[PDB]
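Quick notes on the structure that follows.
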Amino acid sequence: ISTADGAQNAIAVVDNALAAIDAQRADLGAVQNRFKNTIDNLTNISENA
Amino acid sequence: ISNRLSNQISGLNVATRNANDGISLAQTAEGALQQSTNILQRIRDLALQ
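Residue numbers (the entry's author numbering), protein chains in the order written: chain W, 392 to 440; chain A, 50 to 98.
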């Protein structure tokens, strides 16, 4: 960071960059929902079998 | 939206800090120029003497 010109450009870096973390955490959260729904159908196929 | 939003809130807090440090800086400039002002008033007075 130490230079001011790097202080602002830094914020551009971590701004476009931080949202990739959260893009993943989004995806994985959805994948956990996909798991839960999958299981909810899964135990039904189990019971019906 | 909560990650980005929280990051925004934190930046806003840091901005409160930075703006207030700016008020204090410009305060220092003000005072130093009060003293230089009083001096240059004085120098005017001596030119009039």
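From the three backbone atoms N, C-alpha and C, an ideal C-beta is built for every residue, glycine too.
At what residues does the alpha helix (DSSP H) containing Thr65(A) begin and finish? Position 16 of the second sequence holds residue 65(A). Counted as a single uninterrupted DSSP element, the alpha helix (DSSP H) harbouring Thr65(A) occupies residues 51–97.
According to DSSP, simplified to helix, strand and coil, what is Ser393(W)? As a working mapping, residue 393(W) is identified with position 2 in the first sequence. The answer is coil: DSSP assigns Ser393(W) none of H, G, I, E or B.
Do the region 413–421 of chain W and the region 64–71 of chain A meet, that is, are 3 or more Cβ pairs less than 8 Å apart? Between the region 413–421 of chain W and the region 64–71 of chain A there are fewer than three C-beta pairs closer than 8 Å, too few to call the two in contact.
Got a sec: is the Cβ-Cβ distance from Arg53(A) to anything in chain W below 9 Å? The residue you call residue 53(A) lines up with position 4 of the second sequence. Output row for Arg53(A): interface = yes.
State the CB to CB distance for the pair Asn52(A) and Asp413(W), rounded to an integer number of angstroms; the pair is presumed to be in contact (CB under 8 Å). For the purposes of this step, residue 52(A) is taken as the residue at position 3 of the second sequence. For the purposes of this step, residue 413(W) is taken as the residue at position 22 of the first sequence. 5 Å between Cβ atoms; contact.
Determine the direct distance from the alpha carbon of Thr77(A) to that of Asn56(A), and round the result to whole angstroms. Counting from one through the second sequence, the residue named residue 56(A) turns up at place 7. Counting from one through the second sequence, the residue named residue 77(A) turns up at place 28. Using only the alpha carbons, I get a separation of about 32 Å.
In three-state terms, what does DSSP make of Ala403(W)? On the first sequence, position 12 is the one that residue 403(W) refers to. Of the three classes helix, strand and coil, the one that applies to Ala403(W) here is helix, per DSSP.
Report the three-state DSSP secondary structure of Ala440(W) (helix, strand or coil). Looking up residue 440(W) in the first sequence gives position 49. Correct three-state label for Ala440(W): coil.
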